[PDB]
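Because the Cβ atoms are built from the backbone with ideal geometry, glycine has one as well, and the counts that use them run over all protein chains shown. Basis: the model, the stated rules and, where named, an outside source; no laboratory read-out is quoted.
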Amino acid sequence: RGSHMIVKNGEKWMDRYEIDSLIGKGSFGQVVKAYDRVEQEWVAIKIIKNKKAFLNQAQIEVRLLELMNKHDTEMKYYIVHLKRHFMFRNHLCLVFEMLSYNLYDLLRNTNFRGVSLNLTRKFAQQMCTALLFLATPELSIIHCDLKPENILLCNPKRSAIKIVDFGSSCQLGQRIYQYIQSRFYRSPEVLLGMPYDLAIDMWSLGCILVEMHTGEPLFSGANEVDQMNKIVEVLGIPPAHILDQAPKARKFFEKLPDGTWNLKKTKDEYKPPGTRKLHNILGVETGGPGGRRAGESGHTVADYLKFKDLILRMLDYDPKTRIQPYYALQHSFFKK
Ligand SMILES: Cc1nc(NCc2c(F)cccc2F)c2c(-c3ccnc(N)c3)c[nH]c2n1
Ligand SMILES: [Cl-]
């Protein structure tokens, strides 16, 4: 009774799946680590709730990464592999490859100190490859929920990562669901109710990489007004040419005499627009985030300037000008 299924541990499904542990619940239902008796390998099984909303979302997710499986390319390997699917005990079940803990657990491991710029660089490259694969014309898949939680390590003692959770995913010209992207990673086009393309995932990747290295969220809004006001602290007021074409622009800003845009009141107070420099957040010249990387190998001002430039390309207010996967992979921040 209710949405969920039966958690036991030790139970064996279809004389094939030996269930030993629950990895973690999601909005969509459960994920469990089990053993495959016929393929002789470990598997994580996504158990979708017995509801239309989540089932319909699962059917899209199934369809999208089946489509990804057709492509002959090394790059497809940065997306989680779906081995098979079957309905069982009235639940849709997706069998995936076993991966490891997410990048939010890896940050919690360091007590939110952040990982090294060297590891942040490896993550940034694998994700830029993954976003590139998604952008293949035949695919043109917009994940719409990229965040540390949906980025998983393959093995806990190694740097290789993959993207998971394509329940929220759509395809370029579509406007299916009311709510897309996690608030902290929500790109400003989505905050202002403007149409969105594959550019919104690159804005999420930008916020994620800064958090990976500083150890904390770049823009941690409690609500949508908080989110925009905190993005404005770092990047200033958005372009007038953007705010002039945005349905929800007059939620957060106000048109002035000069045809200019100034902020609305705190109601009841943020740092003035663009005064919370990304220079001091990364601490390019003050020994890295909170001074914690001072003296440390591979944490030079030169290295912090290249990372800073690349993140600022990814945090472009303009989705037309924001850096695309193919070109972010040519950046000096990755230069060999
Ligand atoms: C250790 C582990 N873990 C995994 N999942 C971790 C996890 C949770 F435990 C709970 C909620 C979301 C989530 F990604 C997964 C998934 C997975 C899971 C969900 N959706 C997709 N598309 C893939 C595949 N392999 C996994 N391996
Ligand atoms: Cl709000």
Answer from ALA199, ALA249, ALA222, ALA240 - the residue that is of a type in the set (A, V, I, L, M) and in contact with a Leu (Cβ under 6 Å, 6 or more places away or on another chain): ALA249
Which listed residue is away from ligand 1 (no atom under 16 Å from the Cβ) and either touching a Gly at 6+ places or on another chain (Cβ under 9 Å) or not acidic (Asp, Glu) (or both), from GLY167, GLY173: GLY173
Options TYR104, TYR77; residue that is within 13 Å of ligand 1 (Cβ to nearest atom) and surrounded by fewer than 19 Cβ atoms within 10 Å (Cβ to Cβ): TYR104
Residues (of a type in the set (S, T, N, Q) and either in contact with a strand residue (DSSP E or B) (Cβ under 8 Å, 6 or more places away or on another chain) or closer than 30 Å to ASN262 by Cα (or both)) located in the stretch 274-314: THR275, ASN280
Condition check for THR300: farther than 30 Å from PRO195 by Cβ, in the same structural domain as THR129 (by CATH) and among the polar types (S, T, N, Q): yes
Residue in the stretch 296-310 that is outside any loop (DSSP other than H, G, I, E, B), of a type in the set (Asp, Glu) and on the phi < 0 side of the Ramachandran plot present: yes
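Here's the yes/no breakdown for (1) surrounded by fewer than 17 Cβ atoms within 10 Å (Cβ to Cβ); (2) not assigned by CATH to the domain that holds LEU152:
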| site | (1), (2) |
| --- | --- |
| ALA58 | no, yes |
| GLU66 | yes, yes |
| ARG108 | yes, no |
| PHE112 | yes, no |
| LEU117 | no, no |
| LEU132 | no, no |
Count - residues of the stretch 210-230 that are under 17 Å from the mean Cα position of the chain (by Cα) and within 16 Å of ligand 2 (Cβ to nearest atom): 4
Of all residues in the stretch 5-31 being more than 22 Å from the chain's Cα centre (by Cα) and under 17 Å from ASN102 (Cβ atoms), the one that is surrounded by the fewest Cβ atoms within 10 Å (Cβ to Cβ): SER21
Sole exception among (1) closer than 30 Å to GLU39 by Cβ; (2) assigned to a loop (DSSP other than H, G, I, E, B) for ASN111, by number: (1)
Qualifying positions in the stretch 50-77 - touching a strand residue (DSSP E or B) at 6+ places or on another chain (Cβ under 9 Å) and over 23 Å from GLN174 (Cβ atoms): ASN50, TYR77
The lone exception for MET202 - which of (1) within 16 Å of ligand 2 (Cβ to nearest atom); (2) under 26 Å from the mean Cα position of the chain (by Cα) it fails: (1)
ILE180 vs. criteria more than 16 Å from ligand 1 (Cβ to nearest atom), in a loop (DSSP other than H, G, I, E, B) and within 12 Å of the chain's Cα centre (by Cα): yes
The stretch 44-56: number of residues that are under 24 Å from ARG16 (Cα atoms) and surrounded by fewer than 19 Cβ atoms within 10 Å (Cβ to Cβ): 2
